[PDB]
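Undergrad: To be precise about what I am sending: the file is called protein_16.tsv and holds TSV, N, CA and C atoms.
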chain	number	residue	atom	x	y	z
A	1	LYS	N	8.96	13.99	-5.81
A	1	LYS	CA	8.43	14.21	-4.43
A	1	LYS	C	9.55	14.10	-3.40
A	2	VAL	N	9.56	15.01	-2.43
A	2	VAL	CA	10.55	15.00	-1.37
A	2	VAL	C	9.89	14.34	-0.16
A	3	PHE	N	10.30	13.12	0.13
A	3	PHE	CA	9.75	12.34	1.24
A	3	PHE	C	10.20	12.86	2.60
A	4	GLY	N	9.34	12.63	3.59
A	4	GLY	CA	9.67	12.97	4.95
A	4	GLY	C	10.30	11.70	5.50
A	5	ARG	N	11.15	11.82	6.51
A	5	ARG	CA	11.83	10.68	7.12
A	5	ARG	C	10.92	9.50	7.46
A	6	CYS	N	9.94	9.74	8.32
A	6	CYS	CA	9.01	8.69	8.73
A	6	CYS	C	8.09	8.23	7.62
A	7	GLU	N	7.71	9.16	6.75
A	7	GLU	CA	6.86	8.86	5.60
A	7	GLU	C	7.56	7.83	4.70
A	8	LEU	N	8.84	8.07	4.41
A	8	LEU	CA	9.64	7.16	3.60
A	8	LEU	C	9.85	5.80	4.28
A	9	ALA	N	10.17	5.82	5.57
A	9	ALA	CA	10.36	4.58	6.31
A	9	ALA	C	9.12	3.65	6.22
A	10	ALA	N	7.92	4.23	6.34
A	10	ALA	CA	6.69	3.46	6.27
A	10	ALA	C	6.45	2.94	4.85
A	11	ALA	N	6.78	3.73	3.83
A	11	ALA	CA	6.61	3.29	2.43
A	11	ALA	C	7.53	2.12	2.08
A	12	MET	N	8.77	2.18	2.56
A	12	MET	CA	9.75	1.13	2.34
A	12	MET	C	9.34	-0.12	3.10
A	13	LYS	N	8.84	0.06	4.32
A	13	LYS	CA	8.40	-1.07	5.13
A	13	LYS	C	7.29	-1.81	4.40
A	14	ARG	N	6.31	-1.05	3.92
A	14	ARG	CA	5.19	-1.63	3.20
A	14	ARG	C	5.71	-2.40	1.98
A	15	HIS	N	6.75	-1.87	1.34
A	15	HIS	CA	7.31	-2.52	0.18
A	15	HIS	C	8.26	-3.66	0.51
A	16	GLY	N	8.24	-4.12	1.76
A	16	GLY	CA	9.09	-5.22	2.18
A	16	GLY	C	10.60	-5.01	2.27
A	17	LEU	N	11.04	-3.78	2.49
A	17	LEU	CA	12.47	-3.56	2.58
A	17	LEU	C	13.08	-3.76	3.95
A	18	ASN	N	12.30	-3.56	5.01
A	18	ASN	CA	12.85	-3.72	6.35
A	18	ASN	C	13.35	-5.14	6.55
A	19	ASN	N	14.65	-5.23	6.81
A	19	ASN	CA	15.34	-6.50	6.98
A	19	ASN	C	15.46	-7.35	5.74
A	20	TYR	N	15.32	-6.74	4.57
A	20	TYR	CA	15.45	-7.47	3.32
A	20	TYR	C	16.95	-7.73	3.17
A	21	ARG	N	17.30	-9.01	3.08
A	21	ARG	CA	18.70	-9.42	2.96
A	21	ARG	C	19.45	-9.01	4.23
A	22	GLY	N	18.72	-8.91	5.33
A	22	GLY	CA	19.36	-8.56	6.58
A	22	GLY	C	19.66	-7.09	6.82
A	23	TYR	N	19.21	-6.20	5.95
A	23	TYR	CA	19.45	-4.78	6.16
A	23	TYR	C	18.23	-4.15	6.76
A	24	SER	N	18.41	-3.48	7.90
A	24	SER	CA	17.30	-2.83	8.59
A	24	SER	C	16.72	-1.64	7.83
A	25	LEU	N	15.52	-1.24	8.24
A	25	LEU	CA	14.85	-0.10	7.65
A	25	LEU	C	15.73	1.12	7.86
A	26	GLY	N	16.44	1.15	8.99
A	26	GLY	CA	17.34	2.24	9.29
A	26	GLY	C	18.42	2.34	8.23
A	27	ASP	N	18.97	1.21	7.80
A	27	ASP	CA	20.00	1.24	6.75
A	27	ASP	C	19.47	1.86	5.44
A	28	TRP	N	18.28	1.43	5.01
A	28	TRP	CA	17.64	1.91	3.78
A	28	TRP	C	17.26	3.39	3.83
A	29	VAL	N	16.78	3.86	4.98
A	29	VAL	CA	16.40	5.27	5.13
A	29	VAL	C	17.66	6.15	5.15
A	30	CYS	N	18.71	5.69	5.84
A	30	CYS	CA	19.96	6.42	5.91
A	30	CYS	C	20.55	6.55	4.50
A	31	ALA	N	20.55	5.45	3.76
A	31	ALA	CA	21.07	5.45	2.40
A	31	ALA	C	20.31	6.42	1.48
A	32	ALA	N	18.97	6.41	1.52
A	32	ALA	CA	18.18	7.34	0.68
A	32	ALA	C	18.49	8.78	1.09
A	33	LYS	N	18.66	9.01	2.38
A	33	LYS	CA	18.98	10.34	2.91
A	33	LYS	C	20.24	10.91	2.26
A	34	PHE	N	21.32	10.15	2.33
A	34	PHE	CA	22.58	10.62	1.78
A	34	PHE	C	22.75	10.41	0.28
A	35	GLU	N	21.88	9.60	-0.32
A	35	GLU	CA	21.98	9.39	-1.75
A	35	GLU	C	21.22	10.49	-2.47
A	36	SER	N	20.01	10.78	-2.01
A	36	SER	CA	19.19	11.74	-2.71
A	36	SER	C	18.52	12.80	-1.88
A	37	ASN	N	18.73	12.76	-0.58
A	37	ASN	CA	18.11	13.70	0.34
A	37	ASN	C	16.59	13.52	0.33
A	38	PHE	N	16.16	12.28	0.12
A	38	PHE	CA	14.74	11.90	0.09
A	38	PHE	C	13.96	12.43	-1.11
A	39	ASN	N	14.69	12.86	-2.14
A	39	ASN	CA	14.07	13.41	-3.35
A	39	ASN	C	14.06	12.37	-4.48
A	40	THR	N	12.85	12.00	-4.90
A	40	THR	CA	12.66	11.01	-5.96
A	40	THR	C	13.15	11.47	-7.34
A	41	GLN	N	13.22	12.78	-7.54
A	41	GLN	CA	13.63	13.34	-8.82
A	41	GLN	C	15.12	13.61	-8.94
A	42	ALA	N	15.91	13.19	-7.96
A	42	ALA	CA	17.35	13.41	-8.00
A	42	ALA	C	18.10	12.61	-9.11
A	43	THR	N	19.01	13.29	-9.79
A	43	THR	CA	19.80	12.66	-10.82
A	43	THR	C	21.19	13.27	-10.71
A	44	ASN	N	22.21	12.48	-11.01
A	44	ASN	CA	23.59	12.93	-10.97
A	44	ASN	C	24.35	12.15	-12.00
A	45	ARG	N	25.05	12.86	-12.88
A	45	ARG	CA	25.82	12.21	-13.94
A	45	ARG	C	27.21	11.91	-13.42
A	46	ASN	N	27.73	10.77	-13.83
A	46	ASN	CA	29.05	10.35	-13.40
A	46	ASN	C	30.06	10.62	-14.51
A	47	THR	N	31.35	10.55	-14.19
A	47	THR	CA	32.38	10.82	-15.20
A	47	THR	C	32.41	9.79	-16.29
A	48	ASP	N	32.02	8.56	-15.99
A	48	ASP	CA	31.99	7.52	-17.02
A	48	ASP	C	30.77	7.74	-17.94
A	49	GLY	N	30.09	8.88	-17.80
A	49	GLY	CA	28.95	9.17	-18.64
A	49	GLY	C	27.63	8.56	-18.22
A	50	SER	N	27.63	7.64	-17.26
A	50	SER	CA	26.38	7.06	-16.81
A	50	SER	C	25.72	8.07	-15.86
A	51	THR	N	24.48	7.84	-15.46
A	51	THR	CA	23.76	8.76	-14.58
A	51	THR	C	23.09	7.95	-13.46
A	52	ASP	N	22.96	8.56	-12.28
A	52	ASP	CA	22.32	7.91	-11.14
A	52	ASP	C	20.92	8.51	-11.03
A	53	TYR	N	19.91	7.66	-10.84
A	53	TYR	CA	18.52	8.09	-10.78
A	53	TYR	C	17.71	7.76	-9.55
A	54	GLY	N	16.94	8.75	-9.11
A	54	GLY	CA	16.03	8.55	-8.01
A	54	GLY	C	16.49	8.63	-6.59
A	55	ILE	N	15.56	8.23	-5.74
A	55	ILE	CA	15.74	8.25	-4.30
A	55	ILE	C	16.93	7.38	-3.83
A	56	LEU	N	17.22	6.30	-4.55
A	56	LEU	CA	18.34	5.43	-4.19
A	56	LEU	C	19.49	5.53	-5.16
A	57	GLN	N	19.42	6.49	-6.09
A	57	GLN	CA	20.48	6.75	-7.06
A	57	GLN	C	20.97	5.51	-7.83
A	58	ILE	N	20.04	4.85	-8.50
A	58	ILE	CA	20.34	3.67	-9.29
A	58	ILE	C	21.05	4.05	-10.61
A	59	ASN	N	22.17	3.37	-10.86
A	59	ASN	CA	23.03	3.61	-12.01
A	59	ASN	C	22.57	3.05	-13.35
A	60	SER	N	22.70	3.86	-14.40
A	60	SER	CA	22.26	3.52	-15.75
A	60	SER	C	23.16	2.57	-16.52
A	61	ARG	N	24.41	2.40	-16.11
A	61	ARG	CA	25.31	1.47	-16.79
A	61	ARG	C	24.88	-0.01	-16.62
A	62	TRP	N	24.32	-0.34	-15.45
A	62	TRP	CA	23.92	-1.71	-15.14
A	62	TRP	C	22.44	-2.01	-14.96
A	63	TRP	N	21.75	-1.12	-14.26
A	63	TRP	CA	20.38	-1.34	-13.87
A	63	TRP	C	19.22	-0.80	-14.66
A	64	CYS	N	19.39	0.33	-15.33
A	64	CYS	CA	18.27	0.89	-16.07
A	64	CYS	C	18.72	1.46	-17.40
A	65	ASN	N	17.74	1.68	-18.28
A	65	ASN	CA	18.04	2.21	-19.58
A	65	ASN	C	17.63	3.66	-19.70
A	66	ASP	N	18.59	4.53	-20.01
A	66	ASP	CA	18.31	5.94	-20.18
A	66	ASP	C	18.59	6.35	-21.62
A	67	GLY	N	18.91	5.36	-22.44
A	67	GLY	CA	19.17	5.62	-23.84
A	67	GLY	C	20.41	6.43	-24.16
A	68	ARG	N	21.25	6.71	-23.18
A	68	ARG	CA	22.45	7.49	-23.46
A	68	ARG	C	23.67	6.94	-22.76
A	69	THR	N	23.60	5.70	-22.30
A	69	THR	CA	24.74	5.08	-21.62
A	69	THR	C	25.19	3.90	-22.46
A	70	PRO	N	26.29	4.07	-23.21
A	70	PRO	CA	26.77	2.97	-24.04
A	70	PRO	C	27.12	1.69	-23.26
A	71	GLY	N	26.53	0.59	-23.69
A	71	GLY	CA	26.77	-0.68	-23.04
A	71	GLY	C	25.97	-0.88	-21.76
A	72	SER	N	24.84	-0.20	-21.61
A	72	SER	CA	24.02	-0.38	-20.42
A	72	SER	C	23.51	-1.81	-20.41
A	73	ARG	N	23.48	-2.42	-19.23
A	73	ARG	CA	23.00	-3.79	-19.11
A	73	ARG	C	21.52	-3.86	-18.81
A	74	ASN	N	20.94	-2.75	-18.35
A	74	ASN	CA	19.51	-2.67	-18.00
A	74	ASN	C	18.98	-3.90	-17.26
A	75	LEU	N	19.69	-4.28	-16.20
A	75	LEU	CA	19.34	-5.45	-15.41
A	75	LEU	C	17.99	-5.39	-14.73
A	76	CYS	N	17.46	-4.20	-14.50
A	76	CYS	CA	16.14	-4.12	-13.87
A	76	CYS	C	15.03	-4.01	-14.90
A	77	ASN	N	15.40	-4.02	-16.18
A	77	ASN	CA	14.43	-3.93	-17.28
A	77	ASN	C	13.39	-2.82	-17.15
A	78	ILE	N	13.89	-1.60	-17.00
A	78	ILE	CA	13.05	-0.42	-16.86
A	78	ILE	C	13.76	0.83	-17.38
A	79	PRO	N	12.99	1.80	-17.89
A	79	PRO	CA	13.67	3.01	-18.35
A	79	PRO	C	14.02	3.74	-17.04
A	80	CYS	N	15.16	4.40	-17.01
A	80	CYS	CA	15.58	5.12	-15.81
A	80	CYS	C	14.56	6.16	-15.29
A	81	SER	N	13.78	6.76	-16.19
A	81	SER	CA	12.78	7.74	-15.78
A	81	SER	C	11.77	7.18	-14.79
A	82	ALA	N	11.46	5.89	-14.92
A	82	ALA	CA	10.52	5.23	-14.01
A	82	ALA	C	11.00	5.32	-12.56
A	83	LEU	N	12.31	5.44	-12.39
A	83	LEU	CA	12.94	5.53	-11.09
A	83	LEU	C	12.75	6.90	-10.39
A	84	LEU	N	12.25	7.89	-11.13
A	84	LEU	CA	12.06	9.24	-10.59
A	84	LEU	C	10.63	9.53	-10.14
A	85	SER	N	9.78	8.53	-10.30
A	85	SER	CA	8.38	8.61	-9.94
A	85	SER	C	8.14	8.89	-8.44
A	86	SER	N	6.96	9.43	-8.11
A	86	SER	CA	6.65	9.70	-6.71
A	86	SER	C	6.32	8.39	-6.00
A	87	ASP	N	5.98	7.36	-6.76
A	87	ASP	CA	5.70	6.04	-6.21
A	87	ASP	C	7.06	5.34	-6.23
A	88	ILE	N	7.53	4.89	-5.08
A	88	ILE	CA	8.84	4.26	-5.01
A	88	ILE	C	8.93	2.78	-5.41
A	89	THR	N	7.83	2.17	-5.81
A	89	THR	CA	7.84	0.75	-6.17
A	89	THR	C	8.96	0.29	-7.11
A	90	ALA	N	9.16	0.97	-8.24
A	90	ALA	CA	10.21	0.57	-9.17
A	90	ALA	C	11.58	0.70	-8.56
A	91	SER	N	11.83	1.76	-7.81
A	91	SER	CA	13.14	1.93	-7.20
A	91	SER	C	13.37	0.82	-6.20
A	92	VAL	N	12.34	0.45	-5.45
A	92	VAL	CA	12.46	-0.61	-4.45
A	92	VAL	C	12.68	-1.98	-5.08
A	93	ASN	N	11.94	-2.32	-6.12
A	93	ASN	CA	12.11	-3.63	-6.77
A	93	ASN	C	13.49	-3.77	-7.38
A	94	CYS	N	14.00	-2.68	-7.93
A	94	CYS	CA	15.32	-2.70	-8.53
A	94	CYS	C	16.39	-2.79	-7.43
A	95	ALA	N	16.25	-2.00	-6.37
A	95	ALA	CA	17.19	-2.02	-5.25
A	95	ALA	C	17.31	-3.45	-4.68
A	96	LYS	N	16.20	-4.19	-4.72
A	96	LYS	CA	16.20	-5.56	-4.22
A	96	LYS	C	17.12	-6.45	-5.03
A	97	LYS	N	17.18	-6.21	-6.34
A	97	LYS	CA	18.06	-6.98	-7.22
A	97	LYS	C	19.53	-6.59	-6.98
A	98	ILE	N	19.76	-5.29	-6.82
A	98	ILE	CA	21.09	-4.75	-6.58
A	98	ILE	C	21.67	-5.29	-5.26
A	99	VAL	N	20.93	-5.13	-4.17
A	99	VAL	CA	21.39	-5.58	-2.86
A	99	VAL	C	21.63	-7.09	-2.79
A	100	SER	N	20.98	-7.85	-3.67
A	100	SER	CA	21.15	-9.30	-3.69
A	100	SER	C	22.33	-9.66	-4.59
A	101	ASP	N	22.81	-8.67	-5.33
A	101	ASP	CA	23.91	-8.83	-6.27
A	101	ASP	C	25.23	-9.37	-5.73
A	102	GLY	N	25.37	-9.47	-4.41
A	102	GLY	CA	26.60	-10.01	-3.88
A	102	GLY	C	27.42	-9.09	-3.00
A	103	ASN	N	27.43	-7.79	-3.32
A	103	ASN	CA	28.17	-6.83	-2.51
A	103	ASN	C	27.28	-6.15	-1.49
A	104	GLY	N	26.03	-6.57	-1.44
A	104	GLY	CA	25.10	-5.98	-0.50
A	104	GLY	C	24.91	-4.49	-0.69
A	105	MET	N	24.71	-3.79	0.41
A	105	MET	CA	24.49	-2.35	0.33
A	105	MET	C	25.75	-1.53	0.05
A	106	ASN	N	26.90	-2.21	-0.06
A	106	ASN	CA	28.18	-1.54	-0.34
A	106	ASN	C	28.14	-0.99	-1.75
A	107	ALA	N	27.15	-1.44	-2.51
A	107	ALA	CA	26.91	-0.98	-3.87
A	107	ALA	C	26.57	0.51	-3.85
A	108	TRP	N	26.10	1.00	-2.70
A	108	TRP	CA	25.75	2.40	-2.52
A	108	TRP	C	26.87	3.07	-1.73
A	109	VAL	N	27.68	3.87	-2.42
A	109	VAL	CA	28.81	4.57	-1.81
A	109	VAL	C	28.45	5.47	-0.60
A	110	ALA	N	27.28	6.10	-0.63
A	110	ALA	CA	26.87	6.93	0.50
A	110	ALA	C	26.54	6.04	1.70
A	111	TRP	N	26.00	4.85	1.46
A	111	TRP	CA	25.69	3.96	2.58
A	111	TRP	C	27.01	3.53	3.21
A	112	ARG	N	27.91	3.08	2.35
A	112	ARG	CA	29.22	2.62	2.78
A	112	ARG	C	29.94	3.71	3.59
A	113	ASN	N	29.95	4.93	3.05
A	113	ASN	CA	30.65	6.03	3.69
A	113	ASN	C	29.97	6.79	4.79
A	114	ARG	N	28.65	6.75	4.87
A	114	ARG	CA	27.97	7.54	5.90
A	114	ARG	C	26.97	6.81	6.77
A	115	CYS	N	26.66	5.56	6.45
A	115	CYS	CA	25.69	4.81	7.23
A	115	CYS	C	26.27	3.59	7.87
A	116	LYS	N	27.09	2.88	7.10
A	116	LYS	CA	27.74	1.67	7.58
A	116	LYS	C	28.49	1.89	8.90
A	117	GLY	N	28.19	1.05	9.88
A	117	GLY	CA	28.85	1.12	11.18
A	117	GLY	C	28.39	2.27	12.05
A	118	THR	N	27.22	2.83	11.75
A	118	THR	CA	26.68	3.93	12.54
A	118	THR	C	25.35	3.51	13.20
A	119	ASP	N	24.85	4.32	14.13
A	119	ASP	CA	23.59	4.02	14.81
A	119	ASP	C	22.46	4.27	13.80
A	120	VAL	N	22.33	3.41	12.81
A	120	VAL	CA	21.30	3.62	11.80
A	120	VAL	C	19.88	3.60	12.34
A	121	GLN	N	19.70	3.07	13.55
A	121	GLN	CA	18.38	3.02	14.17
A	121	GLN	C	17.81	4.42	14.40
A	122	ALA	N	18.69	5.39	14.56
A	122	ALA	CA	18.26	6.76	14.78
A	122	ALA	C	17.35	7.29	13.67
A	123	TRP	N	17.56	6.77	12.45
A	123	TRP	CA	16.81	7.18	11.26
A	123	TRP	C	15.32	6.86	11.26
A	124	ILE	N	14.91	5.90	12.07
A	124	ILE	CA	13.50	5.57	12.13
A	124	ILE	C	12.93	5.90	13.52
A	125	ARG	N	13.76	6.48	14.39
A	125	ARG	CA	13.33	6.83	15.75
A	125	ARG	C	12.20	7.84	15.72
A	126	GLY	N	11.21	7.60	16.55
A	126	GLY	CA	10.07	8.50	16.60
A	126	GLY	C	8.98	8.16	15.60
A	127	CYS	N	9.28	7.33	14.62
A	127	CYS	CA	8.28	6.98	13.61
A	127	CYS	C	7.23	5.95	14.05
A	128	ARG	N	5.97	6.21	13.72
A	128	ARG	CA	4.88	5.31	14.01
A	128	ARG	C	4.90	4.36	12.83
A	129	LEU	N	5.41	3.15	13.04
A	129	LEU	CA	5.50	2.16	11.95
A	129	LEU	C	4.66	0.91	12.22
Take the structure I supplied and represent it as structure tokens, if you would.
TA:
Amino acid sequence: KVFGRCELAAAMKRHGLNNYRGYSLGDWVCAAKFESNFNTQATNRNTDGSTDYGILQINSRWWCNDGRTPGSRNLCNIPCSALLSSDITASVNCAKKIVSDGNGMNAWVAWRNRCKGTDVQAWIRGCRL
């Protein structure tokens, strides 16, 4: 499913992401925008052979099991396919573990490179939340 900006912001809010670990809803929406373009079915393979899954592009080497990444840690205890669902619950629960991991949202290269230090509030502007 390809989420709309405000539609996604409200779903994340409901799932307790706004201000989770101090990151605003704007940060999370901006990150999903540049990570997957709001598409839950997005996947991208990396050179190390691992693959990124879903709206937040969660990596298979550490967080999920896709059965084809040697030495996967599967820290979120879920098959990577669950991350491509139209319901964002699994992606959100896993993202919560990642963001608490110590490096915060810097774990997401698109957030670091395109959201960090920007007017992220613009991403939820106009939304009835």
Undergrad: Take every atom of segment 119-128 of chain A listed in the file, pad by 5 Å on each side, and give me the axis-aligned box centre and edge lengths in Å, one decimal, as AutoDock Vina command-line options.
TA:
--center_x 14.9 --center_y 5.8 --center_z 13.9 --size_x 30.0 --size_y 15.5 --size_z 15.3
Undergrad: Go through A:113, A:77, A:60, A:44 one by one, measure the shortest atom-to-atom distance of each to residue 93 of chain A using only C-alpha atoms, and give the residue with the smallest value.
TA: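 Closest to residue 93 of chain A of all the choices is A:77.
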Undergrad: Kindly indicate which residue among A:25, A:2, A:31, A:17 lies nearest to residue 114 of chain A, using all atoms listed in the file for the distances.
TA: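 Smallest separation from residue 114 of chain A among the options: A:31.
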Undergrad: With distances taken over only C-alpha atoms, which of A:103, A:126, A:121, A:38 is nearest to residue 18 of chain A?
TA: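 Of A:103, A:126, A:121, A:38, the one nearest residue 18 of chain A is A:121, counting only C-alpha atoms.
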Undergrad: Quote the spacing between atom CA of residue 37 of chain A and atom N of residue 116 of chain A in Å to one decimal place.
TA: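 Interatomic distance, atom CA of residue 37 of chain A to atom N of residue 116 of chain A: 15.6 Å.
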Undergrad: Where does DSSP see alpha helix (DSSP H) in segment 11-44 of chain A, if you list the residues as a ChimeraX atom specification?
TA: /A:11-14,25-36
Undergrad: Tell me, as a list in words, which residues lie within 7 Å of residue 36 of chain A, counting only N, CA and C atoms; anything in the same chain fewer than 2 positions away does not count.
TA: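 Residues meeting the cut-off are residues 31, 32, 33, 34, 38, 39, 40, 42, 54, 55, 56 and 57 of chain A.
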Undergrad: Which of these residues is nearest to residue 15 of chain A, using only N, CA and C atoms: A:64, A:82, A:120, A:92?
TA: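 Result for the nearest residue to residue 15 of chain A: A:92.
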Undergrad: Just want the 8 Å neighbourhood of residue 123 of chain A, counted on all atoms listed in the file, with same-chain residues fewer than 3 positions away dropped. Output as an MDAnalysis selection string.
TA: chainID A and resid 5:6 9 25:27 29:30 119:120 126:127
Undergrad: Find the distance between atom CA of residue 72 of chain A and atom C of residue 59 of chain A and write it in Å to one decimal.
TA: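 That distance, rounded to one decimal, is 8.0 Å.
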Undergrad: Work out how far atom N of residue 61 of chain A is from atom N of residue 16 of chain A, in Å to one decimal.
TA: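 Calculated distance between atom N of residue 16 of chain A and atom N of residue 61 of chain A is 25.0 Å.
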Undergrad: Which of segment 10-126 of chain A end up as strand (DSSP E) when DSSP is run on this backbone - answer as a list in words?
TA: residues 43, 44, 45, 51, 52, 53, 58 and 59 of chain A
Undergrad: Around (19.2, -5.6, -2.8) in the file's own coordinates, what residues are found within 12 Å if you use only C-alpha atoms, given back as a ChimeraX atom specification?
TA: /A:16-24,27-28,56,58,63,76,91-108
Undergrad: Name the closest residue to residue 69 of chain A among the candidates A:84, A:7, A:53, A:48; distances are taken between atoms, counting only N, CA and C atoms.
TA: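 Nearest to residue 69 of chain A: A:48.
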Undergrad: Can you patch up segment 16-27 of chain A, filling it in to N, CA, C and O atoms, and show the result as a PDB file, keeping the file's coordinate frame?
TA:
ATOM      1  N   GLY A  16       8.240  -4.120   1.760  1.00  0.00           N
ATOM      2  CA  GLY A  16       9.090  -5.220   2.180  1.00  0.00           C
ATOM      3  C   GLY A  16      10.600  -5.010   2.270  1.00  0.00           C
ATOM      4  O   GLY A  16      11.370  -5.976   2.170  1.00  0.00           O
ATOM      5  N   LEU A  17      11.040  -3.780   2.490  1.00  0.00           N
ATOM      6  CA  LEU A  17      12.470  -3.560   2.580  1.00  0.00           C
ATOM      7  C   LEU A  17      13.080  -3.760   3.950  1.00  0.00           C
ATOM      8  O   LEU A  17      14.258  -4.086   4.049  1.00  0.00           O
ATOM      9  N   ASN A  18      12.300  -3.560   5.010  1.00  0.00           N
ATOM     10  CA  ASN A  18      12.850  -3.720   6.350  1.00  0.00           C
ATOM     11  C   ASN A  18      13.350  -5.140   6.550  1.00  0.00           C
ATOM     12  O   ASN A  18      12.625  -6.102   6.345  1.00  0.00           O
ATOM     13  N   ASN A  19      14.650  -5.230   6.810  1.00  0.00           N
ATOM     14  CA  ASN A  19      15.340  -6.500   6.980  1.00  0.00           C
ATOM     15  C   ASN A  19      15.460  -7.350   5.740  1.00  0.00           C
ATOM     16  O   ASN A  19      15.720  -8.542   5.828  1.00  0.00           O
ATOM     17  N   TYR A  20      15.320  -6.740   4.570  1.00  0.00           N
ATOM     18  CA  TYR A  20      15.450  -7.470   3.320  1.00  0.00           C
ATOM     19  C   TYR A  20      16.950  -7.730   3.170  1.00  0.00           C
ATOM     20  O   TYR A  20      17.760  -6.802   3.208  1.00  0.00           O
ATOM     21  N   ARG A  21      17.300  -9.010   3.080  1.00  0.00           N
ATOM     22  CA  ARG A  21      18.700  -9.420   2.960  1.00  0.00           C
ATOM     23  C   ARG A  21      19.450  -9.010   4.230  1.00  0.00           C
ATOM     24  O   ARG A  21      20.653  -8.754   4.219  1.00  0.00           O
ATOM     25  N   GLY A  22      18.720  -8.910   5.330  1.00  0.00           N
ATOM     26  CA  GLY A  22      19.360  -8.560   6.580  1.00  0.00           C
ATOM     27  C   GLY A  22      19.660  -7.090   6.820  1.00  0.00           C
ATOM     28  O   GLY A  22      20.322  -6.762   7.792  1.00  0.00           O
ATOM     29  N   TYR A  23      19.210  -6.200   5.950  1.00  0.00           N
ATOM     30  CA  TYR A  23      19.450  -4.780   6.160  1.00  0.00           C
ATOM     31  C   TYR A  23      18.230  -4.150   6.760  1.00  0.00           C
ATOM     32  O   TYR A  23      17.127  -4.298   6.245  1.00  0.00           O
ATOM     33  N   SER A  24      18.410  -3.480   7.900  1.00  0.00           N
ATOM     34  CA  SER A  24      17.300  -2.830   8.590  1.00  0.00           C
ATOM     35  C   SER A  24      16.720  -1.640   7.830  1.00  0.00           C
ATOM     36  O   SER A  24      17.374  -1.064   6.948  1.00  0.00           O
ATOM     37  N   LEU A  25      15.520  -1.240   8.240  1.00  0.00           N
ATOM     38  CA  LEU A  25      14.850  -0.100   7.650  1.00  0.00           C
ATOM     39  C   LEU A  25      15.730   1.120   7.860  1.00  0.00           C
ATOM     40  O   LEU A  25      15.786   2.005   7.003  1.00  0.00           O
ATOM     41  N   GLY A  26      16.440   1.150   8.990  1.00  0.00           N
ATOM     42  CA  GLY A  26      17.340   2.240   9.290  1.00  0.00           C
ATOM     43  C   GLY A  26      18.420   2.340   8.230  1.00  0.00           C
ATOM     44  O   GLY A  26      18.787   3.432   7.823  1.00  0.00           O
ATOM     45  N   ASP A  27      18.970   1.210   7.800  1.00  0.00           N
ATOM     46  CA  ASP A  27      20.000   1.240   6.750  1.00  0.00           C
ATOM     47  C   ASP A  27      19.470   1.860   5.440  1.00  0.00           C
ATOM     48  O   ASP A  27      20.102   2.725   4.850  1.00  0.00           O
TER      49      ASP A  27
END
